[PDB]
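Asker: need coordinates for the following:
(7 chains)
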Amino acid sequence: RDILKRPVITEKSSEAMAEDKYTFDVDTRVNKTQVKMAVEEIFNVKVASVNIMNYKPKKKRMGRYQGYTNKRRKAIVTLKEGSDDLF
Amino acid sequence: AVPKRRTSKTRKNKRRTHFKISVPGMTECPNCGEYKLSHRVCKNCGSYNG
Amino acid sequence: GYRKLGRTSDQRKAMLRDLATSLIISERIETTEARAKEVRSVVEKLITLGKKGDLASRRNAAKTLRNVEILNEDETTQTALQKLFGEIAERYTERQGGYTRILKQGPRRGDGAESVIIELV
Amino acid sequence: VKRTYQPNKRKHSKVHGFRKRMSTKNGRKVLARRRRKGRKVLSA
Amino acid sequence: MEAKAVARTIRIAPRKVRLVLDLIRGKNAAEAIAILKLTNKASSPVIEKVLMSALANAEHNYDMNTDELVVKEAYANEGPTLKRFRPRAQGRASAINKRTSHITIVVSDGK
RNA sequence: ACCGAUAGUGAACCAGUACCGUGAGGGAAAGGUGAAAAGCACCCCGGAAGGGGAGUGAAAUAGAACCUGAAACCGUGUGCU
RNA sequence: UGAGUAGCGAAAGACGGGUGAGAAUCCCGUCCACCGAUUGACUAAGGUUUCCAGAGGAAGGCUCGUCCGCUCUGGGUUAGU
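Answerer: Numbers count the residues shown, from 1 in each chain, chains lettered A, B, ... in the order given. There you are, the coordinates:
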């Protein structure tokens, strides 16, 4: 389903997109077997591998008040056919 | 040892009669036209005569 | 000694060797007033050695100079002992003594140390 | 000189943690007093 | 007629500044600039910008010539203190005052 | 015929919070521009902070470190000694 | 007030070229000095973004600072063995 949240557009991810790799933001409590089936169901491609990782919340401040950002789970998808999962 | 009495402002200012700095000791450069230290080079055009 | 410059015996002799060598390479350096009055004797006695030209004079000057290499000219490289014996000593064959001149600049920021310029005449 | 506090994450939770306070009657009174106070953190 | 300039909240102790101010009080504007440029104290460049700002006020805001000018007034006033601490021996701490000053210079044509 | 910001609840304000302790537990300080932001376009000294004009406003020694602004303490100039 | 007084926490730096409003203290180069059963290379506990890049100089750095374990913005951690 809508496991995916947003795509990741950075300098390192741009170098990944030249070799059939795509970086997304997924839900914090899903495994990469669900992410594998979610990509093929939406974009109609054939996935070959998924690697996934976690980042901790970061300390942030504005004015005097201090808080934390959201924790996130990042998935990198390797395809064997198809591309252009965004513009 | 420690002070026995508070020091008043009259006594404090008397002690600072000789605490001060002096004039630099400068002369006029007759190539620059501006001031410079004696026996030192000028800093405007960087010339030293004699 | 003459003046201890706030150093030990081994440090004082190593620092005079560094200042004297670097003056031959660039012929004009900026340093402290107290240091400059002690470099005078070191460099000027080295020029007296280079005006003799004997092998024994060369070997007595290698005990003070450092092993630097001067690729400043566009031609072949040379060390600081070849420049002392080849070029600097070539143009002092007439005057007897006084190959060094000192010019005062003034105090420097953050230390108050008197700055000077020392160069070859 | 060796000092008194040598930190350890496992001992902190097993002696002062939430489940340790709940597993006894006098430790439940500690949690009740820290709710009447309004403390932002209940246990360690 | 007089012109003035003020520097506020300068992070220098007030009684270190006043030593320099004693030399330029009552001198011609051209002579005071030279004294400040040749004295080797920390607060000399700071006072230099205050006198230059006041000289330029006498030329744009007012109509006064910078050849007949003198330094009429030059004083320092105290500002807020920054409170710090220093760890001493046996577990004690000592207070440190980082002081601040206000600097004012007035230049007069005479009259 | 109760208090009026050292008072009144510990807390008029992001307070059981900063912080302190292994833990049970202990615990503050901090209110006020103007009727209306109309919160200083533009020029000058400077790298900037800061300032001198010009404008707003009844008022800017009301310019956000902002109502009133005492004493200790620190400075400049002067009549008599 | 003591008072511009004590102290500034074990030690070798010198010169040339840059940047800059401002250089004993930042960058580059050369020479010289110190450790080397360790001042070298990994790593458990513990800390929890202190890691990288581009900018900045109010406060912290026992001096200065154009620089940083400090401030702003954007990034970085991928396992069937």
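
Asker: for chain C, which segments count as helices?
Answerer: Ranges of helices in chain C, per DSSP state H, are C:9-26, C:33-50, C:55-61, C:80-83.

Asker: which one of those lies nearest to residue D:17?
Answerer: Within the helices of chain C, the stretch nearest residue D:17 is helix C:9-26; the backing value is 60.8 Å (C-beta to C-beta). (Each C-beta comes from the backbone N, C-alpha and C, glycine too.)

Asker: would you mind naming what in chain C lies close to chain B?
Answerer: Within chain C, the positions lying close to chain B (C-beta under 8 Å from any C-beta of the partner chain) are C:103, C:104, C:105, C:106.

Asker: Throw those residues into TSV and include neighbour count and distance to residue E:103, thanks.
Answerer: What follows is these, written out as TSV (neighbours: other C-beta atoms under 10 Å in any protein chain shown; distance: C-beta to C-beta, whole Å):
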residue	neighbour count	distance to residue E:103
C:103	16	36
C:104	16	32
C:105	17	29
C:106	17	25
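
Asker: quick one: contacts of stretch E:71-79?
Answerer: Residues outside stretch E:71-79 that contact it (C-beta atoms under 8 Å, 6 or more residues apart in numbering or on different chains): E:2, E:4, E:8-10, E:14, E:17-18, E:21, E:24-29, E:32, E:51, E:99-108.

Asker: gap between that stretch and the chain center?
Answerer: Chain-centre distance of stretch E:71-79: 6 Å, with C-alpha atoms, centre = their mean, to the nearest Å.

Asker: that stretch and RNA strand G, any residue contact?
Answerer: No: on the criterion C-beta under 7 Å from any atom of the strand, stretch E:71-79 is out of touch with RNA strand G, staying 11.1 Å away.

Asker: only the buried residues of that stretch, if you could.
Answerer: E:71, E:72, E:74, E:76 (16 or more other C-beta atoms under 10 Å in any protein chain shown).

Asker: just stretch A:3-12 next, same as before
Answerer: Under the neighbour-count criterion of 16+ other C-beta under 10 Å, stretch A:3-12 has A:3, A:4, A:8 buried.

Asker: same check on stretch B:28-36?
Answerer: Applying a neighbour-count criterion of 16+ other C-beta under 10 Å, one finds B:29, B:34, B:35, B:36 buried in stretch B:28-36.

Asker: enumerate every residue touching the residue nearest the centre of chain B.
Answerer: Taking C-alpha atoms, centre = their mean, the centroid of chain B lies closest to residue B:22, which sits 3.2 Å from it. Contact partners of residue B:22, counting by C-beta under 8 Å, 6+ apart, are absent.

Asker: go on, the one 3 residues further on?
Answerer: Contacts for residue B:25 (C-beta under 8 Å, 6+ apart) come out as B:37, B:38.

Asker: 10 Å instead, please
Answerer: For residue B:25, the contact set (C-beta atoms under 10 Å, 6 or more residues apart in numbering or on different chains) comprises B:37, B:38, B:39, B:40, E:38.

Asker: pretty sure the second one is touching residue B:23, no?
Answerer: By that I understand residue B:38. No: taking contacts as C-beta atoms under 10 Å, residue B:38 lies outside contact range of residue B:23: 11.4 Å.

Asker: quick check, nearest of the residues of chain C next to chain B to RNA strand F?
Answerer: Using C-beta to the nearest atom of the strand, residue C:106 comes nearest to RNA strand F of the residues of chain C next to chain B, at 21.7 Å.

Asker: and the residue nearest to residue A:30 when sequence neighbours are not counted, how close does it get to residue A:43?
Answerer: Distances taken as C-beta to C-beta, 6 or more residues apart in numbering or on different chains put residue A:3 closest to residue A:30, at 5.5 Å, once the chain neighbours are dropped. Separation of residue A:3 from residue A:43 (C-beta to C-beta, to the nearest Å) stands at 13 Å.

Asker: residue A:42 touches residue A:3, doesn't it?
Answerer: Yes: counting by C-beta under 10 Å, residue A:42 does reach residue A:3; the two are 9.4 Å apart.

Asker: what does the helix or strand harbouring residue B:13 contact?
Answerer: If you go by DSSP states H and E, residue B:13 is part of helix B:9-15. Under the contact criterion C-beta under 10 Å, 6+ apart, helix B:9-15 has outside partners B:5, B:7, B:8.
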